[PDB]
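Here is the file input38.csv (CSV, C-alpha atoms).
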chain,number,residue,atom,x,y,z
G,1,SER,CA,30.2,18.1,8.1
G,2,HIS,CA,30.1,21.9,7.6
G,3,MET,CA,27.4,21.1,5.1
G,4,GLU,CA,24.0,22.2,6.3
G,5,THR,CA,20.5,21.6,4.9
G,6,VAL,CA,18.3,24.7,4.7
G,7,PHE,CA,14.5,24.5,5.1
G,8,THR,CA,11.8,27.2,5.3
G,9,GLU,CA,8.0,26.8,5.3
G,10,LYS,CA,7.9,30.1,3.3
G,11,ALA,CA,9.1,28.3,0.1
G,12,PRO,CA,7.8,25.1,-1.5
G,13,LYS,CA,8.3,22.0,0.7
G,14,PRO,CA,10.6,19.5,-0.9
G,15,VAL,CA,8.9,16.3,-1.8
G,16,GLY,CA,11.6,13.8,-2.3
G,17,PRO,CA,15.4,13.5,-2.2
G,18,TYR,CA,16.5,17.2,-2.4
G,19,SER,CA,16.9,20.1,0.0
G,20,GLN,CA,15.7,23.7,-0.8
G,21,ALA,CA,19.3,24.6,-0.3
G,22,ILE,CA,22.6,23.5,1.0
G,23,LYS,CA,24.8,25.9,3.0
G,24,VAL,CA,28.5,25.4,3.4
G,25,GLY,CA,30.0,28.2,5.4
G,26,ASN,CA,29.7,31.4,3.3
G,27,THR,CA,28.5,29.6,0.1
G,28,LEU,CA,24.9,28.6,-0.5
G,29,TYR,CA,23.7,26.2,-3.3
G,30,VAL,CA,19.9,26.8,-4.0
G,31,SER,CA,17.7,24.2,-5.8
G,32,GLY,CA,16.1,25.1,-9.1
G,33,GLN,CA,12.9,26.8,-7.9
G,34,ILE,CA,9.6,26.7,-9.9
G,35,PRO,CA,6.5,29.0,-9.6
G,36,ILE,CA,4.9,26.8,-6.8
G,37,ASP,CA,2.9,28.8,-4.2
G,38,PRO,CA,4.0,27.2,-0.9
G,39,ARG,CA,0.4,27.9,0.4
G,40,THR,CA,-1.1,25.4,-2.2
G,41,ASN,CA,1.9,23.4,-3.3
G,42,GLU,CA,0.8,24.1,-6.9
G,43,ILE,CA,1.8,26.4,-9.7
G,44,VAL,CA,0.6,30.0,-9.4
G,45,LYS,CA,-2.1,31.2,-11.8
G,46,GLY,CA,-0.7,33.8,-14.2
G,47,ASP,CA,1.7,34.6,-17.0
G,48,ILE,CA,5.5,34.6,-17.1
G,49,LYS,CA,5.6,37.8,-15.0
G,50,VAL,CA,3.5,36.3,-12.1
G,51,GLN,CA,5.5,33.0,-12.4
G,52,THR,CA,8.9,34.8,-12.4
G,53,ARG,CA,7.8,36.8,-9.3
G,54,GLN,CA,6.8,33.6,-7.5
G,55,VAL,CA,10.1,31.8,-8.4
G,56,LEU,CA,12.2,34.8,-7.1
G,57,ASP,CA,10.1,35.1,-4.0
G,58,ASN,CA,10.7,31.3,-3.4
G,59,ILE,CA,14.4,31.9,-3.9
G,60,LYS,CA,14.4,35.0,-1.7
G,61,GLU,CA,12.8,33.1,1.3
G,62,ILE,CA,15.3,30.3,1.0
G,63,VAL,CA,18.3,32.6,0.8
G,64,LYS,CA,17.0,34.6,3.8
G,65,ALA,CA,16.3,31.5,5.8
G,66,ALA,CA,19.9,30.5,5.3
G,67,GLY,CA,21.3,33.8,6.6
G,68,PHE,CA,22.0,35.1,3.1
G,69,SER,CA,20.5,37.9,1.1
G,70,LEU,CA,19.6,38.4,-2.6
G,71,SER,CA,22.7,40.6,-2.7
G,72,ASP,CA,24.8,37.5,-2.1
G,73,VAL,CA,23.6,35.7,-5.3
G,74,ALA,CA,26.7,35.3,-7.4
G,75,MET,CA,25.4,33.1,-10.3
G,76,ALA,CA,21.9,32.4,-11.5
G,77,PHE,CA,20.8,29.6,-13.8
G,78,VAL,CA,17.6,30.6,-15.6
G,79,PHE,CA,15.7,28.1,-17.6
G,80,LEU,CA,12.8,29.3,-19.7
G,81,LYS,CA,10.1,27.3,-21.5
G,82,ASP,CA,10.0,30.1,-24.2
G,83,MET,CA,12.8,32.5,-25.0
G,84,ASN,CA,10.3,34.9,-26.4
G,85,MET,CA,9.2,35.5,-22.8
G,86,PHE,CA,12.7,36.8,-21.9
G,87,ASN,CA,12.0,40.5,-22.0
G,88,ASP,CA,9.0,40.0,-19.7
G,89,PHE,CA,10.9,37.7,-17.3
G,90,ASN,CA,13.8,40.2,-17.3
G,91,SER,CA,11.6,43.1,-16.3
G,92,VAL,CA,10.6,41.3,-13.1
G,93,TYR,CA,14.0,39.8,-12.4
G,94,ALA,CA,15.5,43.4,-12.7
G,95,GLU,CA,13.4,44.3,-9.6
G,96,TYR,CA,15.2,41.7,-7.5
G,97,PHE,CA,18.8,42.3,-8.6
G,98,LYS,CA,19.2,46.1,-8.9
G,99,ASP,CA,22.8,46.5,-7.8
G,100,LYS,CA,25.9,44.3,-8.4
G,101,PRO,CA,23.6,41.8,-10.3
G,102,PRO,CA,24.8,38.2,-10.4
G,103,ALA,CA,26.4,36.3,-13.3
G,104,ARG,CA,23.6,34.7,-15.3
G,105,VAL,CA,23.0,31.8,-17.6
G,106,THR,CA,19.8,31.9,-19.6
G,107,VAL,CA,18.5,29.1,-22.0
G,108,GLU,CA,15.3,27.8,-23.4
G,109,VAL,CA,14.4,24.2,-22.4
G,110,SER,CA,11.8,22.0,-23.9
G,111,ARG,CA,9.9,21.4,-20.6
G,112,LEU,CA,10.1,22.0,-16.8
G,113,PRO,CA,8.7,20.3,-13.7
G,114,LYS,CA,4.9,20.9,-13.5
G,115,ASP,CA,5.0,22.5,-17.0
G,116,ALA,CA,6.5,25.7,-15.5
G,117,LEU,CA,7.3,28.7,-17.7
G,118,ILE,CA,10.5,29.2,-15.7
G,119,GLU,CA,12.9,27.6,-13.2
G,120,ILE,CA,15.8,29.4,-11.5
G,121,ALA,CA,18.7,28.0,-9.4
G,122,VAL,CA,21.3,30.1,-7.8
G,123,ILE,CA,24.7,29.9,-6.0
G,124,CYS,CA,25.4,32.6,-3.4
G,125,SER,CA,28.5,33.7,-1.5
G,126,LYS,CA,28.5,36.1,1.5
R,1,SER,CA,47.7,25.5,-8.8
R,2,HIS,CA,45.6,23.9,-6.1
R,3,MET,CA,43.4,22.8,-9.0
R,4,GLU,CA,43.7,19.0,-9.5
R,5,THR,CA,42.4,16.8,-12.3
R,6,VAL,CA,40.6,13.7,-11.1
R,7,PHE,CA,40.7,10.4,-13.1
R,8,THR,CA,39.4,6.9,-12.4
R,9,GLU,CA,39.2,3.9,-14.7
R,10,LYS,CA,36.0,3.0,-12.8
R,11,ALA,CA,34.0,5.8,-14.7
R,12,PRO,CA,33.8,6.6,-18.4
R,13,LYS,CA,37.3,7.6,-19.8
R,14,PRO,CA,37.2,11.2,-21.1
R,15,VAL,CA,37.7,11.3,-24.8
R,16,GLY,CA,38.6,15.0,-25.5
R,17,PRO,CA,39.2,18.3,-23.7
R,18,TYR,CA,37.5,17.6,-20.3
R,19,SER,CA,38.3,16.0,-17.0
R,20,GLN,CA,35.9,13.6,-15.1
R,21,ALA,CA,36.3,16.1,-12.3
R,22,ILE,CA,38.3,19.0,-11.0
R,23,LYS,CA,39.2,19.1,-7.3
R,24,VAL,CA,40.2,22.4,-5.6
R,25,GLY,CA,40.8,21.7,-1.9
R,26,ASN,CA,37.5,20.8,-0.3
R,27,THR,CA,35.4,21.6,-3.5
R,28,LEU,CA,34.8,19.1,-6.3
R,29,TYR,CA,33.4,20.0,-9.8
R,30,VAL,CA,32.1,16.8,-11.5
R,31,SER,CA,31.4,16.6,-15.3
R,32,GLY,CA,27.9,15.9,-16.6
R,33,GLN,CA,27.9,12.1,-16.6
R,34,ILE,CA,25.8,10.0,-19.0
R,35,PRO,CA,24.8,6.3,-18.8
R,36,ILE,CA,28.1,5.0,-20.4
R,37,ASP,CA,29.3,1.7,-19.1
R,38,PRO,CA,33.1,2.2,-18.5
R,39,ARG,CA,33.6,-1.5,-19.5
R,40,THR,CA,32.2,-0.9,-23.1
R,41,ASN,CA,32.4,2.9,-23.5
R,42,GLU,CA,28.8,2.8,-24.7
R,43,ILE,CA,25.4,3.5,-23.3
R,44,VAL,CA,24.0,0.8,-21.1
R,45,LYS,CA,21.0,-1.2,-22.3
R,46,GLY,CA,17.8,-0.5,-20.4
R,47,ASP,CA,15.2,2.2,-19.4
R,48,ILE,CA,15.5,5.4,-17.4
R,49,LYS,CA,16.0,3.4,-14.1
R,50,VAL,CA,19.0,1.4,-15.5
R,51,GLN,CA,20.4,4.6,-17.1
R,52,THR,CA,20.0,6.6,-13.9
R,53,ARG,CA,21.7,3.9,-11.9
R,54,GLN,CA,24.6,3.9,-14.4
R,55,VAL,CA,25.0,7.7,-14.2
R,56,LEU,CA,25.0,7.8,-10.4
R,57,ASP,CA,27.5,4.9,-10.2
R,58,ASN,CA,29.7,6.9,-12.6
R,59,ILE,CA,29.4,9.9,-10.4
R,60,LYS,CA,29.9,7.9,-7.3
R,61,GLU,CA,33.2,6.4,-8.6
R,62,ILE,CA,34.5,9.9,-9.6
R,63,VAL,CA,33.6,11.4,-6.3
R,64,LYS,CA,35.2,8.5,-4.4
R,65,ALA,CA,38.4,8.6,-6.5
R,66,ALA,CA,38.7,12.3,-5.5
R,67,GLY,CA,38.5,11.6,-1.8
R,68,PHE,CA,34.9,12.7,-1.5
R,69,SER,CA,31.7,10.8,-0.9
R,70,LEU,CA,28.1,11.1,-2.2
R,71,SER,CA,27.3,12.8,1.1
R,72,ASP,CA,29.5,15.7,0.0
R,73,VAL,CA,27.3,16.4,-3.0
R,74,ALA,CA,25.9,20.0,-2.5
R,75,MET,CA,24.3,20.7,-5.8
R,76,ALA,CA,23.1,18.4,-8.6
R,77,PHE,CA,22.2,19.4,-12.2
R,78,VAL,CA,19.8,16.9,-13.6
R,79,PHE,CA,19.0,17.0,-17.4
R,80,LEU,CA,16.3,14.6,-18.6
R,81,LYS,CA,15.4,13.8,-22.2
R,82,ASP,CA,11.8,13.4,-21.0
R,83,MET,CA,10.2,14.9,-17.9
R,84,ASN,CA,7.6,12.2,-17.8
R,85,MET,CA,10.4,9.9,-16.6
R,86,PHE,CA,11.0,12.1,-13.6
R,87,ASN,CA,9.2,9.8,-11.0
R,88,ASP,CA,11.2,6.8,-12.2
R,89,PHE,CA,14.5,8.7,-12.2
R,90,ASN,CA,13.7,10.0,-8.8
R,91,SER,CA,13.0,6.5,-7.3
R,92,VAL,CA,16.6,5.5,-8.2
R,93,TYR,CA,18.2,8.8,-7.3
R,94,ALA,CA,16.5,8.6,-3.8
R,95,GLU,CA,18.7,5.5,-3.2
R,96,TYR,CA,21.9,7.4,-3.5
R,97,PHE,CA,21.0,10.6,-1.5
R,98,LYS,CA,19.0,9.4,1.5
R,99,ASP,CA,20.2,11.9,4.1
R,100,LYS,CA,20.9,15.6,3.8
R,101,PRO,CA,20.1,15.4,0.0
R,102,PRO,CA,21.8,18.0,-2.2
R,103,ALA,CA,20.2,21.1,-3.8
R,104,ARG,CA,18.9,20.0,-7.2
R,105,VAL,CA,18.1,21.5,-10.6
R,106,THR,CA,15.9,19.4,-12.9
R,107,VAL,CA,14.9,20.3,-16.4
R,108,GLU,CA,14.0,18.6,-19.7
R,109,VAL,CA,16.4,19.1,-22.6
R,110,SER,CA,15.8,18.3,-26.3
R,111,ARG,CA,18.8,15.9,-26.5
R,112,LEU,CA,21.9,14.6,-24.7
R,113,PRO,CA,25.2,13.2,-25.7
R,114,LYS,CA,24.8,9.7,-27.2
R,115,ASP,CA,21.0,10.2,-27.1
R,116,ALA,CA,21.1,9.5,-23.3
R,117,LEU,CA,17.8,9.6,-21.3
R,118,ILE,CA,19.7,11.5,-18.5
R,119,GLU,CA,22.9,13.4,-17.7
R,120,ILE,CA,23.9,14.5,-14.2
R,121,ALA,CA,26.7,16.9,-13.1
R,122,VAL,CA,27.4,17.8,-9.4
R,123,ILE,CA,29.3,20.1,-7.2
R,124,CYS,CA,30.6,18.7,-3.9
R,125,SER,CA,32.0,20.3,-0.8
R,126,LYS,CA,33.7,18.3,2.1
D,1,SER,CA,31.2,42.4,0.5
D,2,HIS,CA,34.1,40.4,-0.9
D,3,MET,CA,31.8,40.0,-4.0
D,4,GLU,CA,33.0,42.1,-6.9
D,5,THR,CA,31.4,42.8,-10.3
D,6,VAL,CA,33.7,42.2,-13.3
D,7,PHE,CA,33.4,44.3,-16.5
D,8,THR,CA,35.5,44.5,-19.7
D,9,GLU,CA,34.8,46.4,-22.9
D,10,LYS,CA,36.5,43.5,-24.6
D,11,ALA,CA,33.4,41.2,-24.1
D,12,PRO,CA,29.8,41.9,-24.8
D,13,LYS,CA,28.4,44.8,-22.7
D,14,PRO,CA,25.7,43.6,-20.3
D,15,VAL,CA,22.3,45.1,-21.2
D,16,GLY,CA,20.2,44.5,-18.1
D,17,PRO,CA,20.3,43.0,-14.6
D,18,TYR,CA,23.5,40.8,-14.9
D,19,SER,CA,27.2,41.1,-14.6
D,20,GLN,CA,29.7,39.6,-17.1
D,21,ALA,CA,31.1,37.9,-14.1
D,22,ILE,CA,31.2,37.9,-10.3
D,23,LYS,CA,34.5,37.5,-8.5
D,24,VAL,CA,34.6,36.3,-4.9
D,25,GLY,CA,38.3,36.0,-3.8
D,26,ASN,CA,39.8,33.1,-5.7
D,27,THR,CA,36.5,32.0,-7.3
D,28,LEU,CA,35.0,33.5,-10.4
D,29,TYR,CA,31.4,33.0,-11.7
D,30,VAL,CA,31.1,33.8,-15.4
D,31,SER,CA,27.7,34.5,-17.2
D,32,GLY,CA,26.6,32.2,-20.1
D,33,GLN,CA,28.3,33.9,-23.0
D,34,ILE,CA,26.9,33.8,-26.6
D,35,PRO,CA,28.6,34.5,-29.9
D,36,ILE,CA,28.2,38.4,-29.7
D,37,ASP,CA,30.9,40.4,-31.2
D,38,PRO,CA,31.5,43.2,-28.7
D,39,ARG,CA,32.4,45.5,-31.7
D,40,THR,CA,28.8,45.2,-33.1
D,41,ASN,CA,26.8,43.9,-30.1
D,42,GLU,CA,25.3,41.3,-32.5
D,43,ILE,CA,25.9,37.6,-33.3
D,44,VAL,CA,29.0,36.9,-35.4
D,45,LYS,CA,28.5,35.6,-39.0
D,46,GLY,CA,29.6,32.0,-39.4
D,47,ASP,CA,29.0,28.4,-38.4
D,48,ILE,CA,29.4,26.6,-35.1
D,49,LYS,CA,33.2,26.9,-35.2
D,50,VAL,CA,33.2,30.7,-35.7
D,51,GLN,CA,30.5,31.0,-33.0
D,52,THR,CA,32.3,28.8,-30.6
D,53,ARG,CA,35.6,30.8,-31.1
D,54,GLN,CA,33.6,34.0,-30.4
D,55,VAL,CA,32.1,32.6,-27.2
D,56,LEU,CA,35.4,31.4,-25.8
D,57,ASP,CA,37.1,34.6,-26.7
D,58,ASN,CA,34.4,36.5,-24.8
D,59,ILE,CA,34.9,34.2,-21.9
D,60,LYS,CA,38.7,34.5,-22.1
D,61,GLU,CA,38.5,38.4,-22.0
D,62,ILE,CA,36.2,38.2,-18.9
D,63,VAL,CA,38.4,35.7,-17.1
D,64,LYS,CA,41.5,37.8,-17.9
D,65,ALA,CA,39.9,41.1,-16.8
D,66,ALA,CA,39.1,39.4,-13.5
D,67,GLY,CA,42.7,38.5,-12.8
D,68,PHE,CA,42.1,34.8,-13.8
D,69,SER,CA,43.2,32.7,-16.7
D,70,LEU,CA,41.5,30.0,-18.8
D,71,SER,CA,43.7,27.6,-16.9
D,72,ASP,CA,41.6,28.5,-13.8
D,73,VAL,CA,38.3,27.3,-15.4
D,74,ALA,CA,37.1,24.4,-13.2
D,75,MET,CA,33.6,23.7,-14.6
D,76,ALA,CA,32.1,24.6,-18.0
D,77,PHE,CA,28.4,24.5,-18.8
D,78,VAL,CA,28.0,24.1,-22.6
D,79,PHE,CA,24.6,24.5,-24.2
D,80,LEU,CA,24.2,23.6,-27.9
D,81,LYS,CA,21.3,24.3,-30.2
D,82,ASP,CA,22.2,21.1,-32.0
D,83,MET,CA,24.2,18.2,-30.5
D,84,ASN,CA,25.2,17.1,-34.1
D,85,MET,CA,27.5,20.1,-34.0
D,86,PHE,CA,29.3,18.7,-31.0
D,87,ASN,CA,32.4,17.4,-32.8
D,88,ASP,CA,32.9,20.7,-34.5
D,89,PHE,CA,32.4,22.7,-31.3
D,90,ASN,CA,34.8,20.4,-29.6
D,91,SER,CA,37.6,20.9,-32.1
D,92,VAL,CA,37.6,24.6,-31.3
D,93,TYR,CA,37.0,24.2,-27.6
D,94,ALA,CA,40.1,21.8,-27.5
D,95,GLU,CA,42.3,24.8,-28.5
D,96,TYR,CA,41.4,26.7,-25.5
D,97,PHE,CA,41.7,24.0,-22.8
D,98,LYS,CA,44.7,21.9,-23.8
D,99,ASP,CA,46.0,21.0,-20.3
D,100,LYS,CA,44.1,20.1,-17.1
D,101,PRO,CA,40.8,20.7,-18.9
D,102,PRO,CA,37.8,21.7,-16.8
D,103,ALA,CA,34.9,19.5,-15.7
D,104,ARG,CA,32.2,19.9,-18.4
D,105,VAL,CA,28.4,19.7,-18.8
D,106,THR,CA,27.1,19.4,-22.4
D,107,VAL,CA,23.5,19.4,-23.4
D,108,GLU,CA,21.2,20.3,-26.3
D,109,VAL,CA,18.7,23.0,-25.6
D,110,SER,CA,15.7,24.0,-27.8
D,111,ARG,CA,16.8,27.7,-28.2
D,112,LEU,CA,19.3,30.3,-27.0
D,113,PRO,CA,19.4,34.1,-26.6
D,114,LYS,CA,19.6,35.7,-30.1
D,115,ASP,CA,19.2,32.2,-31.7
D,116,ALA,CA,22.8,31.4,-30.9
D,117,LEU,CA,24.2,27.9,-31.9
D,118,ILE,CA,26.0,27.8,-28.5
D,119,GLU,CA,26.2,29.4,-25.0
D,120,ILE,CA,29.0,28.7,-22.4
D,121,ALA,CA,29.1,29.6,-18.7
D,122,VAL,CA,32.1,28.8,-16.5
D,123,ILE,CA,33.1,28.7,-12.9
D,124,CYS,CA,36.9,29.3,-12.2
D,125,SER,CA,39.1,28.9,-9.1
D,126,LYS,CA,42.7,30.2,-8.9
Here is a file; write its structure as structure tokens.
Amino acid sequence: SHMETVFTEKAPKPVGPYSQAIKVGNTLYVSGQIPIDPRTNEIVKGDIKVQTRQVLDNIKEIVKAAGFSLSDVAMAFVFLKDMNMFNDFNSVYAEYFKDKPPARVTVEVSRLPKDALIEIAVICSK
Amino acid sequence: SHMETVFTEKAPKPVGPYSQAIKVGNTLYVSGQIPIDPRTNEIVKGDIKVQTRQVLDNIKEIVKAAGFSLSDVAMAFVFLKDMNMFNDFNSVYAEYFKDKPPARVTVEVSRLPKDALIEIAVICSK
Amino acid sequence: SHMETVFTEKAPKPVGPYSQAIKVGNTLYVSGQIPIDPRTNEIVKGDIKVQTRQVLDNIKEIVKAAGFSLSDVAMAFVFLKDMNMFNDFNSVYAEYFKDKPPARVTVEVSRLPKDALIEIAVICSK
């Protein structure tokens, strides 16, 4: 009832039974985003840094569409194909969460959708 | 204090230090469910589709026991043993979340409890 | 705005763009903790049981610093390097959550930060 679907054309269009995000009042639940360019609907060319920047940009557009801001991210779930890429991922991530950074979970998985190097999901509270 | 344990005999009986779900007012936190038949306490026979249907049925019974409905699922965490099974998993999942589908996180893990093909945990808000 | 960063010297000091936890009113989001001894900033010597006890102690100190208690843990995300260690992990975990235990998600990942055997993140509500 107070649950709302969030959609923006500025982040990858959901194909299937999920929403980019679900807003319930001052809480936002954001889907695990992968490095899809919304212009092509395919993974962006580049290394972990380019992919991380694409993911966080996807998340930023979703969060902003919902009336939230990156500052409202309380908890981030970070899934890496390769934990050795952590330092490089982290240097880009640090750009987006400079102050009052969210709680974070970081693990290495064996594979991601579209063979992504990284997927990030967040929960926000404003 | 306003935290409540949720239990139903219609979903796998917890063996150990966890609850099927925890309800706090209009928010429900649901344990990662695996394809256990509550009748046998063992994994159901069948492929990813049969296992996915068992998991979602387990989640549905927990959610309903708690006074919630699948419509209240805001965020789903989906862990697959094999990302190549995604399309098949998704065809069953799509049956349970037809309208206003939840935010979703989907990754491939190296192994699950009882060597399950899939485990799903959800957060709901009503 | 009502979002607050949580920090205690009694749990591993964040190095980088994350907070040990984020408190928003009666909800706490806690980072995935690994078996770092805050005295050394390195992984503790020992098997899964010693590592699990270090992780849960880290989580306990964060939760207490925030004005919460382990009793307020609603949902735990448990990531194991090796699912065969589950029974041993569980025997220690059972010590910390004796009554009204949280909802739990448990999966095996291919690797963790610092090659940890286990990482745990929690969400609490008081």
Do you know which residues are at most 7 Å from stretch 114-117 of chain D counting only C-alpha atoms, after dropping those on the same chain fewer than 5 positions away, and could you put them as a VMD selection string?
chain D and resid 34 to 35 48 80 to 81
Any chance you could export the current selection's C-alpha atoms as an mmCIF file, in the frame of the given file?
data_model
loop_
_atom_site.group_PDB
_atom_site.id
_atom_site.type_symbol
_atom_site.label_atom_id
_atom_site.label_comp_id
_atom_site.auth_asym_id
_atom_site.auth_seq_id
_atom_site.Cartn_x
_atom_site.Cartn_y
_atom_site.Cartn_z
ATOM 1 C CA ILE D 34 26.900 33.800 -26.600
ATOM 2 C CA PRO D 35 28.600 34.500 -29.900
ATOM 3 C CA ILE D 48 29.400 26.600 -35.100
ATOM 4 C CA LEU D 80 24.200 23.600 -27.900
ATOM 5 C CA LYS D 81 21.300 24.300 -30.200
#
May I have chain G as a compact mmCIF listing (two decimals) with C-alpha atoms, keeping the file's coordinate frame, after a least-squares superposition on chain D that uses all C-alpha atoms paired in order?
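Contents of the output file superposed31.txt:
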# COMPACT_ATOMS: atom_id res chain seq x y z
CA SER G 1 31.14 42.42 0.50
CA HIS G 2 34.08 40.43 -0.95
CA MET G 3 31.82 40.03 -3.94
CA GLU G 4 33.04 42.02 -6.90
CA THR G 5 31.45 42.75 -10.29
CA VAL G 6 33.74 42.24 -13.29
CA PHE G 7 33.40 44.34 -16.47
CA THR G 8 35.52 44.54 -19.64
CA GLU G 9 34.80 46.42 -22.89
CA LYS G 10 36.53 43.46 -24.69
CA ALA G 11 33.44 41.21 -24.13
CA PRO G 12 29.77 41.93 -24.82
CA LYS G 13 28.36 44.77 -22.66
CA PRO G 14 25.63 43.58 -20.37
CA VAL G 15 22.29 45.02 -21.18
CA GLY G 16 20.18 44.51 -18.16
CA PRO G 17 20.36 43.01 -14.66
CA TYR G 18 23.49 40.76 -14.91
CA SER G 19 27.24 41.19 -14.66
CA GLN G 20 29.74 39.54 -17.13
CA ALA G 21 31.12 37.93 -14.04
CA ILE G 22 31.21 37.94 -10.33
CA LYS G 23 34.50 37.47 -8.46
CA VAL G 24 34.66 36.34 -4.88
CA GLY G 25 38.23 36.02 -3.76
CA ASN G 26 39.79 33.12 -5.73
CA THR G 27 36.47 31.94 -7.31
CA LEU G 28 34.95 33.52 -10.39
CA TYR G 29 31.33 32.92 -11.65
CA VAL G 30 31.09 33.81 -15.44
CA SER G 31 27.73 34.52 -17.19
CA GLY G 32 26.59 32.27 -20.00
CA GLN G 33 28.34 33.91 -22.97
CA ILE G 34 26.87 33.87 -26.54
CA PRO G 35 28.67 34.49 -29.92
CA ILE G 36 28.12 38.35 -29.71
CA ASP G 37 30.98 40.41 -31.24
CA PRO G 38 31.48 43.19 -28.65
CA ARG G 39 32.39 45.52 -31.63
CA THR G 40 28.76 45.25 -33.05
CA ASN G 41 26.80 43.91 -30.13
CA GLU G 42 25.38 41.29 -32.53
CA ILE G 43 25.95 37.65 -33.31
CA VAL G 44 29.03 36.86 -35.40
CA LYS G 45 28.51 35.68 -38.98
CA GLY G 46 29.58 32.04 -39.36
CA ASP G 47 29.02 28.43 -38.42
CA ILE G 48 29.35 26.65 -35.08
CA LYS G 49 33.16 26.86 -35.29
CA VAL G 50 33.21 30.72 -35.71
CA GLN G 51 30.47 31.02 -33.00
CA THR G 52 32.33 28.71 -30.54
CA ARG G 53 35.54 30.76 -31.11
CA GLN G 54 33.68 34.00 -30.39
CA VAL G 55 32.02 32.60 -27.19
CA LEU G 56 35.45 31.37 -25.83
CA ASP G 57 37.12 34.60 -26.75
CA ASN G 58 34.29 36.45 -24.83
CA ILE G 59 34.90 34.14 -21.90
CA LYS G 60 38.68 34.52 -22.13
CA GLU G 61 38.49 38.40 -21.95
CA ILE G 62 36.22 38.26 -18.95
CA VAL G 63 38.36 35.76 -17.08
CA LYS G 64 41.49 37.82 -17.85
CA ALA G 65 39.86 41.04 -16.83
CA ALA G 66 39.11 39.47 -13.49
CA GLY G 67 42.72 38.43 -12.84
CA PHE G 68 42.05 34.81 -13.80
CA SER G 69 43.21 32.71 -16.68
CA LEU G 70 41.59 30.00 -18.88
CA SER G 71 43.71 27.58 -16.85
CA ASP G 72 41.61 28.45 -13.81
CA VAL G 73 38.29 27.27 -15.39
CA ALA G 74 37.15 24.42 -13.21
CA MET G 75 33.64 23.69 -14.65
CA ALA G 76 32.07 24.62 -17.94
CA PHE G 77 28.38 24.54 -18.81
CA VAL G 78 27.96 24.13 -22.57
CA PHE G 79 24.61 24.51 -24.14
CA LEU G 80 24.23 23.65 -27.80
CA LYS G 81 21.32 24.32 -30.18
CA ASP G 82 22.26 21.04 -32.05
CA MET G 83 24.14 18.12 -30.58
CA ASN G 84 25.18 17.10 -34.03
CA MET G 85 27.47 20.15 -33.99
CA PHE G 86 29.39 18.72 -30.98
CA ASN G 87 32.39 17.35 -32.80
CA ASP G 88 32.88 20.71 -34.54
CA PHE G 89 32.40 22.73 -31.32
CA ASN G 90 34.80 20.34 -29.53
CA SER G 91 37.55 20.85 -32.06
CA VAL G 92 37.62 24.58 -31.31
CA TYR G 93 37.06 24.25 -27.58
CA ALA G 94 40.09 21.78 -27.48
CA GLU G 95 42.27 24.75 -28.59
CA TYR G 96 41.36 26.72 -25.47
CA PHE G 97 41.65 23.98 -22.83
CA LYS G 98 44.74 21.92 -23.77
CA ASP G 99 46.01 20.99 -20.33
CA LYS G 100 44.15 20.09 -17.08
CA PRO G 101 40.81 20.72 -18.98
CA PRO G 102 37.83 21.66 -16.82
CA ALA G 103 34.86 19.51 -15.77
CA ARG G 104 32.18 19.90 -18.43
CA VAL G 105 28.46 19.63 -18.82
CA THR G 106 27.17 19.46 -22.37
CA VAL G 107 23.42 19.38 -23.45
CA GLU G 108 21.26 20.29 -26.35
CA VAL G 109 18.66 23.03 -25.69
CA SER G 110 15.75 23.98 -27.81
CA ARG G 111 16.80 27.67 -28.20
CA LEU G 112 19.32 30.29 -26.94
CA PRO G 113 19.38 34.08 -26.61
CA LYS G 114 19.61 35.68 -30.10
CA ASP G 115 19.13 32.21 -31.69
CA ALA G 116 22.77 31.32 -30.86
CA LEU G 117 24.23 27.94 -31.83
CA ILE G 118 26.02 27.85 -28.47
CA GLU G 119 26.23 29.42 -25.00
CA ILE G 120 28.93 28.66 -22.42
CA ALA G 121 29.14 29.61 -18.70
CA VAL G 122 32.02 28.78 -16.51
CA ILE G 123 33.13 28.75 -12.82
CA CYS G 124 36.85 29.30 -12.18
CA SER G 125 39.09 28.91 -9.13
CA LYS G 126 42.69 30.21 -8.88
As a list in words, please: the residues near residue D:50 (cut-off 12 Å, all atoms listed in the file, same-chain neighbours under 2 positions excluded).
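In the requested format, the answer is residues 34, 35, 36, 37, 43, 44, 45, 46, 47, 48, 52, 53, 54, 55, 56, 57, 88, 89, 91, 92, 93, 116, 117 and 118 of chain D.
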Residue selection dump (C-alpha atoms) as a short mmCIF file (atom, residue, chain, number, x, y, z; two decimals), keeping the file's coordinate frame:
data_model
loop_
_atom_site.label_atom_id
_atom_site.label_comp_id
_atom_site.auth_asym_id
_atom_site.auth_seq_id
_atom_site.Cartn_x
_atom_site.Cartn_y
_atom_site.Cartn_z
CA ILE D 34 26.90 33.80 -26.60
CA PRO D 35 28.60 34.50 -29.90
CA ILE D 36 28.20 38.40 -29.70
CA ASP D 37 30.90 40.40 -31.20
CA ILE D 43 25.90 37.60 -33.30
CA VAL D 44 29.00 36.90 -35.40
CA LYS D 45 28.50 35.60 -39.00
CA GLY D 46 29.60 32.00 -39.40
CA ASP D 47 29.00 28.40 -38.40
CA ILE D 48 29.40 26.60 -35.10
CA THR D 52 32.30 28.80 -30.60
CA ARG D 53 35.60 30.80 -31.10
CA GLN D 54 33.60 34.00 -30.40
CA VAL D 55 32.10 32.60 -27.20
CA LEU D 56 35.40 31.40 -25.80
CA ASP D 57 37.10 34.60 -26.70
CA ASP D 88 32.90 20.70 -34.50
CA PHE D 89 32.40 22.70 -31.30
CA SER D 91 37.60 20.90 -32.10
CA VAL D 92 37.60 24.60 -31.30
CA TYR D 93 37.00 24.20 -27.60
CA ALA D 116 22.80 31.40 -30.90
CA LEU D 117 24.20 27.90 -31.90
CA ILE D 118 26.00 27.80 -28.50
#
